[PDB]
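To start, the structure under review is shown below, and the notes come after it.
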Amino acid sequence: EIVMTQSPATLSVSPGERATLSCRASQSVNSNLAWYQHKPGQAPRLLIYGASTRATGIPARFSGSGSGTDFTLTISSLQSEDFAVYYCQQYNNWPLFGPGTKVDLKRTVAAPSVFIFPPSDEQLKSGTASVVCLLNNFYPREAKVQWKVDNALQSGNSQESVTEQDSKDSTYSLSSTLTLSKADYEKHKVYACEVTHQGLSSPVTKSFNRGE
Amino acid sequence: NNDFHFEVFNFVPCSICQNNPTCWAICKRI
Amino acid sequence: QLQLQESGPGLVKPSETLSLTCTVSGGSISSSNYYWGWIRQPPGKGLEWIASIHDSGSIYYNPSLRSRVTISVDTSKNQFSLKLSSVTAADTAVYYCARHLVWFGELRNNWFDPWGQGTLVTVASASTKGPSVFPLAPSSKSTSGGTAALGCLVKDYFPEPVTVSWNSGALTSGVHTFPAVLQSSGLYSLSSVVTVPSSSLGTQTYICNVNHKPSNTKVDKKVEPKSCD
C-alpha cells in the first residue's frame, strides 16, 4: 500500500521568492509522479507529470524534481496569482494523491475597514435579529471580533467566516454575525463590534444605536 | 503494492500497452 | 478547447444511489484512446479517484470502491455517467469528472488532464429548504471614506450551495461572498457584501441575485439604505 505525504501542510511566501514544496512516498514510485494546482472554486490543473515534465501551457517558473520516494515541486518568483493548494499524485500502480499543501502569500500588514449592519426589518417580522459587522481587506488573517450590547459583552451567540486569500491584493475579509431574538434585540439599545488587530494601533469599535 | 495492477481493471485493452511485454500478456484486442 | 461539465443532484437520500453525468465538449470521446473518469473530494479530506471508462468499454477501478461503482459511456451524446450505490454520509463530496490518460508505454501515463469544475453532492436524511434573503443595508455606519458597504444575507437553506451575483453579473468588483456557516438549526447561512462608491448610493441600484439550485429557489433582493429615522 503506497502512502503519499506532503510537507509542509501550509506555507507562507513573500511575493517573488521561490516556494519549494515536498511530496514523499512510503515505497518507491520511480518517476510515476504528477503535480496539480487547485485554485479555490476553480478546476484542478495539471502542472507537472513525469516528475520532471511540465505539461503544455505551464510557465517555466514551475519545475518538478526527484525520484523514488522524494519529490520536490518548486515555484520560482512566486506571484500573488499562484495562491492555491498543490497535490502530488503517484501513478506507479494506480492514482493516489497526497494530502496537499496550501500556499499562502505574505504582504505588508493592512488594517481592516469595519462596517456594521443592523438587522433587516423584514427579518424582525420573523422572530430573530442578525447583527453583522464586517472587516474588509485586511492582513494578516488573525483578528479578534468581540460583540457588545449595552456595553454587555456576549459569548456563544456569534459566528465568523473568512474569505479565501484574495488572489489580487492578498488580503482577507471577515464577517461576524451576532444572532439574537426579536425580543431581546429590543430590550437593549447599543450594538457595538470591537476589533483588535495587527494593523490597528489600538482596538476599534463600530457601533450603532437602534433606529439611529 | 506497485508494478501495474491489472486486476483493478475489468480487462486491459491492448490499445494502451505499447510495446510493454507484460501488458501484452493480459491485453485483449478489440 | 476540451471542456468537461458535471451535472447531477445536489441532494441524495442515504441508502440510495447517486448518479452524475459528465458532458464533454470540444472534443469527441469516440474514437479516442482516453479513459474518462470521476474523482471526488469529501469536505476537508484528500482527493480520491473512483473509476474511469474507455471508449472500448474497459473500466479502470479504484479497488476500495469497485463493489459500489457502475460507470458507463454514451458515445453519441458525448457523455459518461457515474452511479454510486448504497450511499452514506461518507459519500458527501465534490465530484469531479476528468479525462484520464492511461498508457503503459515507455513513460507511463496515469493522470487526469483536464478536469471539470466539480459538483457538490450531499448525502442527507433531510429535505431541501430554500433560503430567505435579507438586505444588509447601507448606513452612515457602513461607510469609510468615499466607499460604502452593502450586501444581502442568505439564510436558513439546505443543502449547499447557493450562488450569489450582483446586478445580474454586471457588478463583480469589490464583491465578497463568504463561506456558508452551519447554524445550530442544522441549516446553512451565508452573506454576500460589496463595496461601492458611496457617491452612487441613491443613484445606482444594487440587487443581489441568489440562486439555490437544489430547491429551484431564485431570489432578487433590492438593497436600499434602511429608513433612517
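Taking all pairs of different Cα atoms in segment C:47-110, averaging 1/r and flipping that mean, what Kirkwood radius in angstroms comes out? All intermediate terms of the calculation are to be shown ahead of the outcome.
Numbers: mean 1/r = 0.0755 Å⁻¹.
Evaluated on segment C:47-110, it is 13.2 Å.
Normalised by the number of residues in chain A, what is the relative contact order in percent for Cα pairs under 8 Å and 6+ residues apart? Don't jump to the answer; show the numbers that get you there.
Working: 507 pairs, mean separation 39.1, N = 212.
So the answer I get is 18 percent.
Distance between Cα centroids, chain B to segment C:11-57: provide it in whole Å.
For chain B versus segment C:11-57, the Cα centre distance is 21 Å.
Once you've got the GNM for chain C with C-alpha springs shorter than 10 Å, pick whichever of C:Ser168, C:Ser192, C:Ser140 has the biggest mean-square fluctuation.
C:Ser140
Compute the relative contact order of chain C as a whole-number percentage, counting only Cα pairs closer than 8 Å that sit 6 or more residues apart in sequence. Write out the running numbers ahead of the final one.
Values: 535 pairs, mean separation 41.7, N = 229.
Relative contact order of chain C: 18 percent.
If you plug each phi of segment C:123-133 into the Karplus form 6.51 cos²θ - 1.76 cosθ + 1.60 with θ = phi - 60°, what whole-Hz ³J(HN,Hα) values come out, in order, with x for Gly and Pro?
9, 10, 6, 9, 10, 5, 10, x, x, 10, 10
For A:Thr205, what residues show an amide H to amide H distance below 5 Å, using hydrogens built from the backbone and excluding near sequence neighbours?
Those qualifying (amide H under 5 Å, at least 5 residues apart or on another chain) are A:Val195.
For the pair C:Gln1 and C:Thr163, what calculated FRET efficiency results from E = 1/(1 + (r/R0)^6), where r is the Cβ-Cβ distance and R0 = 25 Å, to the nearest 0.05? All intermediate terms of the calculation are to be shown ahead of the outcome.
On the way: r = 24 Å, r/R0 = 0.95.
Approximately 0.55, to the nearest 0.05.
Pop out the ³J(HN,Hα) list for segment C:112-119 in order, Karplus 6.51 cos²θ - 1.76 cosθ + 1.60 with θ = phi - 60°, rounded to Hz; leave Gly and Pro as x.
Rounded to whole hertz, the list is 10, 8, x, 10, x, 9, x, 9.
With +1 assigned to the C-beta of every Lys and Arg and -1 to the C-beta of every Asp and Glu, and no other charges, what is the dipole magnitude of segment C:3-123 about the Cα centre in debye, to the nearest 20? Walk me through the intermediate numbers first.
On the way: 9 positive and 8 negative charges, 43 e Å.
For segment C:3-123, the charge dipole is close to 200 debye.
In percent, what relative contact order does segment A:113-209 have, based on Cα pairs under 8 Å that are 6 or more apart in sequence? Write down the numbers at each step before the final one.
On the way: 188 pairs, mean separation 32.8, N = 97.
Relative contact order of segment A:113-209: 34 percent.
Where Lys and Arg each count +1 and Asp and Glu each count -1, what net charge lies around C:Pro135 among other residues with Cβ under 9 Å from its Cβ? Walk me through the intermediate numbers first.
On the way: positive: C:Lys221, C:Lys222, C:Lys226; negative: A:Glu122, C:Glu224.
After counting each charged neighbour, the total is +1.
Rounded to the nearest angstrom and ordered from largest down, what semi-axes does the equivalent ellipsoid of segment A:96-143 get from its C-alpha gyration tensor (root of 5λ)? Write down the numbers at each step before the final one.
On the way: eigenvalues 245, 80, 7 Å².
The equivalent ellipsoid of segment A:96-143 has semi-axes of 35, 20, 6 Å.
Calculate the translational D of segment C:132-223 in whole µm² s⁻¹ from Stokes-Einstein, where the hydrodynamic radius comes from the Kirkwood formula applied to all Cα pairs, the temperature is 20 °C and the viscosity 1.002 mPa s. All intermediate terms of the calculation are to be shown ahead of the outcome.
Numbers: Rh = 13.6 Å.
Value of D from the Cα-based Kirkwood radius: 158 µm²/s.
How big is the gap, in Å, between the Cα center of segment A:159-181 and the Cα center of segment C:141-182?
First find each Cα centre; the distance between them is then 11 Å.
Give the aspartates and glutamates reachable from A:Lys144 as a straight Cα distance under 12 Å; neighbours fewer than 8 places away on the same chain don't count.
A:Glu160, A:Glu194
Would you mind getting me the FRET efficiency between A:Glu142 and C:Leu65? Use the beta-carbon distance for r and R0 = 56 Å, nearest 0.05. Mind showing how you got there, number by number?
On the way: r = 40 Å, r/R0 = 0.71.
Result of the calculation: an efficiency of 0.90.
What is the spread of the Cα atoms of chain C along each of their three principal axes, largest first, in whole Å?
Extents along the principal axes, in whole Å: 73, 39, 30.
Work out how far the C-alpha atoms of segment A:4-105 reach from end to end along every principal axis, then list the three figures in whole Å, largest first.
Over segment A:4-105, Cα extents along the principal axes are 36, 27, 25 Å.
Please report, in whole Å³, the volume per residue of the convex hull around the C-alpha atoms of chain A.
Value for chain A: 161 Å³ per residue.
Rg(Cα) of the protein assembly as shown divided by 2.2 N^0.38 Å? Don't skip to the answer; put the middle values down first.
Values: Rg = 25.4 Å, N = 471, 2.2 N^0.38 = 22.8 Å.
Dividing the Cα Rg of the protein assembly as shown by 2.2 N^0.38 Å gives 1.11.
When the Karplus curve 6.51 cos²θ - 1.76 cosθ + 1.60 is applied with θ = phi - 60°, which whole-Hz ³J(HN,Hα) does each residue of segment A:55-70 get, with x for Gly and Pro?
Computed from phi, the couplings for segment A:55-70 are 6, 4, x, 10, x, 6, 6, 9, 9, x, 9, x, 6, x, 7, 10 Hz.
Taking amide H positions as placed in the peptide plane 1.01 Å from N, state which residues far from C:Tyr96 in sequence (5 or more) or on other chains have amide H under 5 Å from it.
C:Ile39, C:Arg40, C:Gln41, C:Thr119
FYI the Cβ positions are ideal-geometry reconstructions off the backbone, even for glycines, and counts take in every protein chain you see. Read the figures in this text as sums done on the coordinates, not as results from a lab.
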